[PDB]
Protein chains: 2
Amino acid sequence: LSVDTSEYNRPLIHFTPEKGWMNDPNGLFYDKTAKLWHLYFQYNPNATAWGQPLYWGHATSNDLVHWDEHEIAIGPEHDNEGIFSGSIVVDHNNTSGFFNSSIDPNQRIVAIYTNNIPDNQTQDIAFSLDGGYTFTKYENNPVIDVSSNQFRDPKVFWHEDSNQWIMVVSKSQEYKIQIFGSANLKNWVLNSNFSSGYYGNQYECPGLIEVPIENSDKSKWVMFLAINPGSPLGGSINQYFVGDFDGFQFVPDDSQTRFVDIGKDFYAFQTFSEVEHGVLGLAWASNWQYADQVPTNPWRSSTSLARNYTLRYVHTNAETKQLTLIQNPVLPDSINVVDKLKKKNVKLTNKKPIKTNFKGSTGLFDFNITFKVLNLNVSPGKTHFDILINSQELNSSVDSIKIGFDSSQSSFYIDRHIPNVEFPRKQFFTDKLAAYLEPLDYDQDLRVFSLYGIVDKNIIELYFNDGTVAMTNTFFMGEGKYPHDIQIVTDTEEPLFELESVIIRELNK
Amino acid sequence: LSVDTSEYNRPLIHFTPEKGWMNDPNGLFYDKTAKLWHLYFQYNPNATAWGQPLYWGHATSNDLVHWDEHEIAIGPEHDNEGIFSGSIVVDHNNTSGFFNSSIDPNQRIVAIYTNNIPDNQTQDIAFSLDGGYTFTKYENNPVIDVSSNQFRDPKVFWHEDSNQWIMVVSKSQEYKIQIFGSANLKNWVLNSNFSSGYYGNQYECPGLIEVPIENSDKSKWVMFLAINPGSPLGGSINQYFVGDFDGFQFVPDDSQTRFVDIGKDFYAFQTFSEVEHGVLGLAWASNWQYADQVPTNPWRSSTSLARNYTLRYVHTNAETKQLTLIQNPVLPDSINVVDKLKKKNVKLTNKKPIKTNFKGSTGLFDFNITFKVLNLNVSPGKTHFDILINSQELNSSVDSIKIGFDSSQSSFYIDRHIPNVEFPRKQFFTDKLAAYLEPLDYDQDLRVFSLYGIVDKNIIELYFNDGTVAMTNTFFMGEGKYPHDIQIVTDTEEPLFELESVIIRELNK
Ligand SMILES: *[C@@H]1O[C@H](CO)[C@@H](O)[C@H](O)[C@H]1NC(C)=O
Ligand SMILES: *[C@@H]1O[C@H](CO)[C@@H](O)[C@H](O)[C@H]1NC(C)=O
Ligand SMILES: *[C@@H]1O[C@H](CO)[C@@H](O)[C@H](O)[C@H]1NC(C)=O
Ligand SMILES: *[C@@H]1O[C@H](CO)[C@@H](O)[C@H](O)[C@H]1NC(C)=O
Ligand SMILES: *[C@@H]1O[C@H](CO)[C@@H](O)[C@H](O)[C@H]1NC(C)=O
Ligand SMILES: *[C@@H]1O[C@H](CO)[C@@H](O)[C@H](O)[C@H]1NC(C)=O
Ligand SMILES: *[C@@H]1O[C@H](CO)[C@@H](O)[C@H](O)[C@H]1NC(C)=O
Ligand SMILES: OC[C@H]1O[C@](O)(CO)[C@@H](O)[C@@H]1O
Ligand SMILES: OC[C@H]1O[C@](O)(CO)[C@@H](O)[C@@H]1O
């Protein structure tokens, strides 16, 4: 209660609850009449850790960066219980029978969630008559009960082609995504089971949505799947599958495993309902291994930025293209640019570092770099350049995290190691992570790559080659310290990298 | 040539070439008549890095721990070329036509390998008339040519049921394991293509073999597959698939992705031909990200220990079992025990550490622990115990690596970070790794786990719950330093962990 780390630790444009604990994002939807984005979330107001009475918290935004936190939206019947993860749909034609002519068609809000009770997990529904701020639970809940304690996280959507509601839900420890159908939101029929990819310990938060292919009129169905624990990166992770859907079964185009984000801290991804023009979604920006131990107070956890999802044919090797999930952050004009550094066609050497020199710092920065790898033979320890994110010097010390690229490995890397900062379960807080990527393009024989990164006080999101792979990681600088300046450096005496374009900005909410 | 790190850096019971560079193990087989295990390997005698003139190196052992290095077995025609990876079969019935009645059936040795030429990779064969020491290349090589630059690593075996030789080989950048059949070893027909799992950048070193199910006469076919780069852990990794095979098509039982070893340094796994009683194999114990940069001289790289492979139904979560690949190290009685510490039913507390007190060190140790997790509530940062592998004190400092278990996370971990040891591409040298595992057993309500680890001067191999998961990692202590003592410690004042059995031994060649 006495300790508030916000000044150096609290993101400016990632949603955080004012106080208490947050995990999975829930009930993501857009109110077309109010022009409002809704974020609900797994919420424990009573501690900075997971705990039951568990609630759906609630925040709204007009732009996906400025959030207004509201009163709790849904709560359990007993302190014994919790409103677990779930989604929202807008029942325009009152298929559910909950809504009058008094309720606007695009405000006919129905939440579908897991009700957690000792020894039981069921799918329940609730409706809102005030635009999603208060909910009335359905009298005949549960709408689905299969006598299981491992049965959770419904994502529901209206499937036009088969004229019905579809729910994807996990039968967690059976490693099945279960696809149900309903005309009602009330009466559900199990149509199929899907099992694939990286199993780990459990299936969680499934998703199923039609995603547009860039530069075309075509699309694919994409099944999303969260697993925790047992990620090959340790703890929790999201993966995806690309294929087709008929309203009854999902059929992947192949049997390959791919992760949505290859950072440590991107979990329980959900898409927004009622989005016209493409697919938008976000995740909980932490990892179950250490999420409840990180040195923030009086809150723990942020969401990721909202991201825009497309499919693109990209080279995964020099010979072969794969239809691949692309994501890029949603950053509206409402974000202010405090200051910026711009550079053009710079041949980087050890005597030519790029160094930001802004007046102060709000701890929110982005950098956008397009670079070419030149034909220069350099000693093996020097085939790289590095973006350094430095804090202010406090008590004679500067904390930094490093993002780099090695030309011999054709791989980006992060090193989020910060000495001296300790918290429980940091044995699982992996510091070094890498991402292999083929060139974005070729300028004659020269390999071209791009990188966009955004740093927001305790979270860095990296997007490689125009969103070809994304990597999300939190980081924890020592007390009082936060990002103040950015440097771009190399040890090569001659130029191995040309930065064709460098734009570094200090931003504000 | 002047610098030799062997005294502190060179493993004692993992094979290493006396000088030069080693990668993929090749041509693994047992000679039933000579009673000899054969190891061949990708070998460059001329540098401590990969390079053309590339050869098959050769070593033998009677016991899979004591290795005798021989003359080079196979070399390229030109400096421009290399004998790339491959396998060996014994042609008992002389289907190839290479072998007289003067060559013992168990000694009818044929190597099948990729010939690498500028702009071309083909599959070629060679025969040995002296028990596998010298080879003659087949007159009409190549035996398979698909006009490709990315077509390598043949693993071949006799398939009784369809009465033919089978080759698995990869069309690396096409993400296909190709299955060919032959009556001849000379004339091949393409039977099927297999594509699945984690794709990464490239498919490499496939294998396909019947693996015995424990307590059963039955087996499953397991398809092995190496990928590099693009491992989810960064760089290089091996994965597997469990299913059925009819001589033509491999059909997995499911479509899940699983890794053979979830350390950083276990790649290009191959199994030994001509094994009676089960399946034995080993891998190259490094990662392509940094393999040619680690601080050893005048050699680089070792193999893993030989491991014994079976299939077992194990709990991947509390409710569900999966038929899973299990592996345990091959350690004969020819290994000398210099000293040991043996304890029984001991409780770990901060005042009861386990400390090895041996007279000297050969730098080779194993530890074998079975432990129970007690019902004790402790603060979040203390829900663990650690095995410390400590060097001798040199420049008034001790180097240490750490292996532990956290009860709250049900996960083992390693931290191989060593201060003040630098080498190129260490940005990719991941220090922290973890492995989630359900209990081995329950003693009443108490969770039981097991751990076996072996440390051999610069490589640690970990086997959790009797080989349920394996994790292999190299480590590099400061100059002159190597493992000298082992500690088992905890910060809990009351016992959280009961060590039912602890055996720590100092071992020697
Ligand atoms: C789906 O899985 C459940 C197991 O929880 C089973 O009851 C049901 O029969 C399966 N249905 C189909 C169509 O495969
Ligand atoms: C997302 O991208 C799509 C293209 O699929 C575009 O139509 C839409 O305007 C974008 N939306 C946002 C919020 O960036
Ligand atoms: C990065 O810069 C390019 C122009 O080179 C621009 O098209 C792109 O929108 C920028 N990305 C972001 C996320 O601001
Ligand atoms: C490479 O090593 C081999 C040893 O087998 C030797 O014959 C040859 O001289 C060396 N070649 C080069 C180009 O260094
Ligand atoms: C296997 O793959 C190759 C591509 O290299 C293709 O030409 C061939 O038709 C495929 N064979 C089968 C049976 O799918
Ligand atoms: C490997 O294990 C099996 C038991 O499944 C045994 O038959 C065989 O002798 C073992 N091989 C070695 C080399 O220990
Ligand atoms: C470890 O110890 C157990 C029981 O003490 C024994 O059965 C097993 O063989 C040992 N494992 C290894 C790999 O030495
Ligand atoms: O808080 C309980 C909720 O948390 C999650 O387990 C994943 O983090 C969900 O699957 C569940 O709804
Ligand atoms: O040295 C070339 C050899 O190395 C490998 O690429 C994998 O490390 C093989 O696929 C190939 O045979």
# chains A, B, ... in the order shown; residues from 1 in each chain; ligands from 1
call {"tool": "residues_near_ligand", "arguments": {"ligand": "ligand 2", "cutoff": "6 Å", "atoms": "only C-alpha atoms and all ligand atoms", "output": "ChimeraX atom specification"}}
result
/A:212,277-278,308,310,330
call {"tool": "closest_atom_pairs", "arguments": {"of": "chain B", "to": "chain A", "cutoff": "6 Å", "atoms": "only C-alpha atoms", "output": "tab-separated table"}}
result
residue	atom	partner	partner_atom	distance
B:196	CA	A:256	CA	5.0
B:197	CA	A:256	CA	4.7
B:198	CA	A:257	CA	5.2
B:201	CA	A:317	CA	5.4
B:230	CA	A:436	CA	5.7
B:234	CA	A:434	CA	5.8
B:255	CA	A:196	CA	5.1
B:256	CA	A:197	CA	4.6
B:257	CA	A:198	CA	5.1
B:316	CA	A:201	CA	5.8
B:317	CA	A:201	CA	5.3
B:380	CA	A:424	CA	5.9
B:381	CA	A:424	CA	4.1
B:424	CA	A:381	CA	4.1
B:430	CA	A:432	CA	5.6
B:432	CA	A:430	CA	5.6
B:434	CA	A:234	CA	5.9
B:436	CA	A:230	CA	5.6
call {"tool": "residues_around", "arguments": {"residues": "segment 111-121 of chain B", "least_positions_apart": "3", "cutoff": "7 Å", "atoms": "only C-alpha atoms", "output": "list in words"}}
result
residues 27, 80, 81, 82, 83, 84, 85, 86, 87, 88, 89, 124, 125, 126, 127, 147, 148, 149, 150, 151, 152, 153 and 154 of chain B
call {"tool": "write_last_selection", "arguments": {"atoms": "C-alpha atoms", "output": "PDB file, in the first residue's frame"}}
result
ATOM      1  CA  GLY B  27      27.616 -44.161 -39.864  1.00  0.00           C
ATOM      2  CA  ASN B  80      35.994 -28.169 -53.230  1.00  0.00           C
ATOM      3  CA  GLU B  81      33.774 -30.858 -51.769  1.00  0.00           C
ATOM      4  CA  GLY B  82      32.783 -32.789 -48.653  1.00  0.00           C
ATOM      5  CA  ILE B  83      31.511 -36.137 -47.512  1.00  0.00           C
ATOM      6  CA  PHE B  84      28.406 -34.895 -45.721  1.00  0.00           C
ATOM      7  CA  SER B  85      26.288 -36.780 -43.199  1.00  0.00           C
ATOM      8  CA  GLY B  86      25.078 -40.325 -43.655  1.00  0.00           C
ATOM      9  CA  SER B  87      24.639 -43.737 -42.104  1.00  0.00           C
ATOM     10  CA  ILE B  88      25.937 -47.299 -42.316  1.00  0.00           C
ATOM     11  CA  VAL B  89      24.169 -50.594 -42.853  1.00  0.00           C
ATOM     12  CA  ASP B 124      26.274 -41.901 -52.678  1.00  0.00           C
ATOM     13  CA  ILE B 125      27.449 -45.270 -51.352  1.00  0.00           C
ATOM     14  CA  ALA B 126      30.800 -46.837 -50.384  1.00  0.00           C
ATOM     15  CA  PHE B 127      31.768 -50.288 -49.066  1.00  0.00           C
ATOM     16  CA  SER B 147      19.328 -32.003 -59.314  1.00  0.00           C
ATOM     17  CA  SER B 148      19.262 -30.308 -55.922  1.00  0.00           C
ATOM     18  CA  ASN B 149      21.564 -28.232 -53.759  1.00  0.00           C
ATOM     19  CA  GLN B 150      19.484 -29.073 -50.663  1.00  0.00           C
ATOM     20  CA  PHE B 151      19.190 -32.858 -50.426  1.00  0.00           C
ATOM     21  CA  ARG B 152      21.141 -34.545 -47.633  1.00  0.00           C
ATOM     22  CA  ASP B 153      21.614 -36.837 -44.602  1.00  0.00           C
ATOM     23  CA  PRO B 154      20.482 -40.353 -45.567  1.00  0.00           C
TER      24      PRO B 154
END
call {"tool": "residues_near_ligand", "arguments": {"ligand": "ligand 4", "cutoff": "6 Å", "atoms": "only C-alpha atoms and all ligand atoms", "output": "PyMOL selection string"}}
result
chain B and resi 45-46+53
call {"tool": "residues_around", "arguments": {"residues": "segment 478-482 of chain B", "least_positions_apart": "5", "cutoff": "8 Å", "atoms": "only C-alpha atoms", "output": "NGL selection string"}}
result
:B and (5 or 7-9 or 363 or 390-394 or 399 or 418 or 420-421 or 457-458)
call {"tool": "write_last_selection", "arguments": {"atoms": "N, CA, C and O atoms", "output": "PDB file, in the first residue's frame"}}
result
ATOM      1  N   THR B   5      43.500 -26.456 -24.071  1.00  0.00           N
ATOM      2  CA  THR B   5      42.558 -26.302 -22.969  1.00  0.00           C
ATOM      3  C   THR B   5      42.113 -27.635 -22.352  1.00  0.00           C
ATOM      4  O   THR B   5      41.353 -27.637 -21.381  1.00  0.00           O
ATOM      5  N   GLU B   7      43.112 -29.998 -20.260  1.00  0.00           N
ATOM      6  CA  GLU B   7      43.219 -30.274 -18.821  1.00  0.00           C
ATOM      7  C   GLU B   7      42.012 -29.780 -18.027  1.00  0.00           C
ATOM      8  O   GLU B   7      41.650 -30.366 -17.001  1.00  0.00           O
ATOM      9  N   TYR B   8      41.392 -28.702 -18.495  1.00  0.00           N
ATOM     10  CA  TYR B   8      40.216 -28.176 -17.805  1.00  0.00           C
ATOM     11  C   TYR B   8      38.915 -28.233 -18.624  1.00  0.00           C
ATOM     12  O   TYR B   8      37.833 -28.146 -18.048  1.00  0.00           O
ATOM     13  N   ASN B   9      39.040 -28.418 -19.944  1.00  0.00           N
ATOM     14  CA  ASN B   9      37.928 -28.288 -20.912  1.00  0.00           C
ATOM     15  C   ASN B   9      37.509 -29.525 -21.678  1.00  0.00           C
ATOM     16  O   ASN B   9      36.425 -29.550 -22.256  1.00  0.00           O
ATOM     17  N   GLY B 363      37.137 -33.902 -12.811  1.00  0.00           N
ATOM     18  CA  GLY B 363      36.203 -33.036 -13.539  1.00  0.00           C
ATOM     19  C   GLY B 363      34.983 -33.744 -14.107  1.00  0.00           C
ATOM     20  O   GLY B 363      34.189 -33.135 -14.835  1.00  0.00           O
ATOM     21  N   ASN B 390      30.626 -26.661  -8.576  1.00  0.00           N
ATOM     22  CA  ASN B 390      31.629 -25.640  -8.305  1.00  0.00           C
ATOM     23  C   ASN B 390      33.017 -26.031  -8.804  1.00  0.00           C
ATOM     24  O   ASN B 390      33.447 -27.178  -8.639  1.00  0.00           O
ATOM     25  N   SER B 391      33.723 -25.066  -9.388  1.00  0.00           N
ATOM     26  CA  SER B 391      35.120 -25.251  -9.743  1.00  0.00           C
ATOM     27  C   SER B 391      35.998 -25.179  -8.495  1.00  0.00           C
ATOM     28  O   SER B 391      35.512 -24.917  -7.389  1.00  0.00           O
ATOM     29  N   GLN B 392      37.286 -25.441  -8.680  1.00  0.00           N
ATOM     30  CA  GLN B 392      38.290 -25.128  -7.673  1.00  0.00           C
ATOM     31  C   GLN B 392      38.503 -23.611  -7.671  1.00  0.00           C
ATOM     32  O   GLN B 392      38.256 -22.945  -8.675  1.00  0.00           O
ATOM     33  N   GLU B 393      38.964 -23.071  -6.551  1.00  0.00           N
ATOM     34  CA  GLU B 393      39.298 -21.655  -6.482  1.00  0.00           C
ATOM     35  C   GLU B 393      40.593 -21.404  -7.260  1.00  0.00           C
ATOM     36  O   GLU B 393      41.617 -22.018  -6.968  1.00  0.00           O
ATOM     37  N   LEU B 394      40.546 -20.526  -8.263  1.00  0.00           N
ATOM     38  CA  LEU B 394      41.773 -20.128  -8.967  1.00  0.00           C
ATOM     39  C   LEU B 394      42.242 -18.713  -8.621  1.00  0.00           C
ATOM     40  O   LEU B 394      42.947 -18.519  -7.622  1.00  0.00           O
ATOM     41  N   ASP B 399      34.046 -20.596 -10.121  1.00  0.00           N
ATOM     42  CA  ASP B 399      32.976 -20.637 -11.122  1.00  0.00           C
ATOM     43  C   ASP B 399      31.954 -21.721 -10.768  1.00  0.00           C
ATOM     44  O   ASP B 399      32.318 -22.814 -10.319  1.00  0.00           O
ATOM     45  N   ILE B 418      28.299 -18.105 -16.508  1.00  0.00           N
ATOM     46  CA  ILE B 418      29.601 -17.961 -15.845  1.00  0.00           C
ATOM     47  C   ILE B 418      30.143 -16.548 -16.083  1.00  0.00           C
ATOM     48  O   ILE B 418      30.298 -16.127 -17.231  1.00  0.00           O
ATOM     49  N   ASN B 420      32.643 -13.409 -16.562  1.00  0.00           N
ATOM     50  CA  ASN B 420      33.986 -13.164 -17.087  1.00  0.00           C
ATOM     51  C   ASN B 420      34.506 -14.210 -18.068  1.00  0.00           C
ATOM     52  O   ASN B 420      35.717 -14.345 -18.250  1.00  0.00           O
ATOM     53  N   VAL B 421      33.593 -14.962 -18.674  1.00  0.00           N
ATOM     54  CA  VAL B 421      33.952 -15.801 -19.804  1.00  0.00           C
ATOM     55  C   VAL B 421      33.226 -15.240 -21.017  1.00  0.00           C
ATOM     56  O   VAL B 421      31.999 -15.192 -21.046  1.00  0.00           O
ATOM     57  N   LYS B 457      33.443 -32.232 -17.566  1.00  0.00           N
ATOM     58  CA  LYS B 457      34.346 -31.107 -17.851  1.00  0.00           C
ATOM     59  C   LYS B 457      33.786 -29.878 -18.582  1.00  0.00           C
ATOM     60  O   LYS B 457      34.087 -28.752 -18.184  1.00  0.00           O
ATOM     61  N   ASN B 458      32.981 -30.077 -19.623  1.00  0.00           N
ATOM     62  CA  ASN B 458      32.344 -28.934 -20.299  1.00  0.00           C
ATOM     63  C   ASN B 458      30.924 -29.198 -20.804  1.00  0.00           C
ATOM     64  O   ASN B 458      30.361 -28.395 -21.547  1.00  0.00           O
TER      65      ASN B 458
END
call {"tool": "atom_distance", "arguments": {"atom1": "atom CA of residue 456 of chain B", "atom2": "atom CA of residue 207 of chain B"}}
result
27.3 Å
call {"tool": "atom_distance", "arguments": {"atom1": "atom CA of residue 274 of chain A", "atom2": "atom CA of residue 73 of chain A"}}
result
19.4 Å
call {"tool": "atom_distance", "arguments": {"atom1": "atom CA of residue 14 of chain B", "atom2": "atom CA of residue 67 of chain B"}}
result
8.4 Å
call {"tool": "closest_residue", "arguments": {"among": "B:340, B:313, B:98, B:60", "to": "residue 216 of chain B", "atoms": "only C-alpha atoms"}}
result
B:313
call {"tool": "closest_atom_pairs", "arguments": {"of": "chain A", "to": "ligand 1", "cutoff": "6 Å", "atoms": "only C-alpha atoms and all ligand atoms", "output": "tab-separated table"}}
result
residue	atom	partner	partner_atom_place_in_ligand_line	distance
A:191	CA	ligand 1	13 (C)	5.5
A:192	CA	ligand 1	13 (C)	4.2
A:193	CA	ligand 1	1 (C)	4.8
call {"tool": "residues_around", "arguments": {"residues": "residue 498 of chain A", "least_positions_apart": "3", "cutoff": "6 Å", "atoms": "only C-alpha atoms", "output": "ChimeraX atom specification"}}
result
/A:346-347,371-372
call {"tool": "write_last_selection", "arguments": {"atoms": "C-alpha atoms", "output": "PDB file, in the first residue's frame"}}
result
ATOM      1  CA  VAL A 346      24.204   5.607 -42.375  1.00  0.00           C
ATOM      2  CA  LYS A 347      27.231   3.315 -42.695  1.00  0.00           C
ATOM      3  CA  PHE A 371      19.086  -1.887 -42.667  1.00  0.00           C
ATOM      4  CA  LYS A 372      21.257  -3.657 -45.231  1.00  0.00           C
TER       5      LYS A 372
END
call {"tool": "residues_near_ligand", "arguments": {"ligand": "ligand 3", "cutoff": "10 Å", "atoms": "only C-alpha atoms and all ligand atoms", "output": "compact mmCIF listing (two decimals) with N, CA, C and O atoms, in the first residue's frame"}}
result
# COMPACT_ATOMS: atom_id res chain seq x y z
N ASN A 328 1.11 -6.35 -36.57
CA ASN A 328 1.71 -5.05 -36.38
C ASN A 328 0.90 -4.26 -35.36
O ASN A 328 -0.32 -4.43 -35.28
N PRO A 329 1.57 -3.41 -34.57
CA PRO A 329 0.86 -2.77 -33.46
C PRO A 329 -0.10 -1.69 -33.95
O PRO A 329 0.13 -1.07 -34.99
N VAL A 330 -1.20 -1.50 -33.22
CA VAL A 330 -2.14 -0.43 -33.51
C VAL A 330 -1.69 0.80 -32.74
O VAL A 330 -1.73 0.81 -31.51
N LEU A 331 -1.24 1.82 -33.46
CA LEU A 331 -0.79 3.07 -32.84
C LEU A 331 -1.46 4.26 -33.53
O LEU A 331 -1.00 4.70 -34.59
N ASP A 366 9.71 4.51 -29.34
CA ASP A 366 9.77 3.51 -30.41
C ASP A 366 10.97 3.77 -31.33
O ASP A 366 11.52 4.87 -31.35
N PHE A 367 11.38 2.73 -32.04
CA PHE A 367 12.44 2.83 -33.03
C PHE A 367 12.05 2.00 -34.25
O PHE A 367 11.44 0.93 -34.13
N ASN A 368 12.38 2.52 -35.42
CA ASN A 368 11.98 1.92 -36.68
C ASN A 368 13.20 1.97 -37.57
O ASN A 368 13.65 3.05 -37.96
N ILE A 369 13.76 0.80 -37.86
CA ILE A 369 15.01 0.72 -38.62
C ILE A 369 14.90 -0.24 -39.80
O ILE A 369 14.48 -1.38 -39.64
N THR A 370 15.27 0.26 -40.98
CA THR A 370 15.54 -0.59 -42.15
C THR A 370 17.05 -0.59 -42.41
O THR A 370 17.68 0.47 -42.47
N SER A 450 14.10 -5.28 -41.73
CA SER A 450 13.48 -4.19 -40.98
C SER A 450 13.17 -4.61 -39.54
O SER A 450 13.00 -5.81 -39.24
N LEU A 451 13.10 -3.62 -38.66
CA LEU A 451 12.79 -3.85 -37.25
C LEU A 451 11.97 -2.66 -36.75
O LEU A 451 12.33 -1.51 -37.00
N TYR A 452 10.87 -2.95 -36.07
CA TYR A 452 10.16 -1.92 -35.30
C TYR A 452 10.02 -2.40 -33.87
O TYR A 452 9.57 -3.52 -33.61
N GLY A 453 10.41 -1.55 -32.93
CA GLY A 453 10.29 -1.87 -31.52
C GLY A 453 9.64 -0.73 -30.79
O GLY A 453 9.79 0.43 -31.17
N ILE A 454 8.88 -1.06 -29.75
CA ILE A 454 8.28 -0.04 -28.88
C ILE A 454 8.52 -0.43 -27.42
O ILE A 454 8.29 -1.57 -27.01
N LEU A 462 8.69 -6.24 -30.05
CA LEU A 462 9.51 -6.19 -31.25
C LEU A 462 8.81 -6.84 -32.44
O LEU A 462 8.23 -7.91 -32.31
N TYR A 463 8.85 -6.16 -33.59
CA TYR A 463 8.23 -6.64 -34.81
C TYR A 463 9.28 -6.67 -35.92
O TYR A 463 9.76 -5.62 -36.37
N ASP A 466 8.53 -6.20 -40.89
CA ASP A 466 7.15 -5.77 -41.11
C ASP A 466 6.14 -6.77 -40.51
O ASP A 466 5.16 -7.16 -41.15
N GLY A 467 6.40 -7.17 -39.27
CA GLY A 467 5.48 -8.02 -38.52
C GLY A 467 5.56 -9.51 -38.81
O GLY A 467 4.67 -10.26 -38.40
N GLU A 500 19.59 2.15 -43.65
CA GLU A 500 18.99 2.96 -44.71
C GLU A 500 18.01 3.98 -44.16
O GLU A 500 17.89 5.09 -44.69
N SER A 501 17.33 3.62 -43.07
CA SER A 501 16.39 4.50 -42.41
C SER A 501 16.37 4.21 -40.91
O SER A 501 16.22 3.06 -40.49
N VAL A 502 16.53 5.27 -40.11
CA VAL A 502 16.42 5.17 -38.65
C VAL A 502 15.48 6.26 -38.16
O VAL A 502 15.75 7.45 -38.36
N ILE A 503 14.38 5.88 -37.51
CA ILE A 503 13.52 6.86 -36.84
C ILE A 503 13.30 6.45 -35.38
O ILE A 503 12.67 5.43 -35.11
call {"tool": "select_by_dssp", "arguments": {"residues": "segment 166-289 of chain B", "states": "strand (DSSP E)", "output": "PyMOL selection string"}}
result
chain B and resi 166-171+176-182+189-194+203-212+219-227+237-245+250-252+258-259+267-271+279-284
call {"tool": "closest_residue", "arguments": {"among": "B:97, B:105, B:206, B:11", "to": "ligand 9", "atoms": "only C-alpha atoms and all ligand atoms"}}
result
B:206
call {"tool": "closest_residue", "arguments": {"among": "B:34, B:12, B:280, B:387", "to": "ligand 6", "atoms": "only C-alpha atoms and all ligand atoms"}}
result
B:280
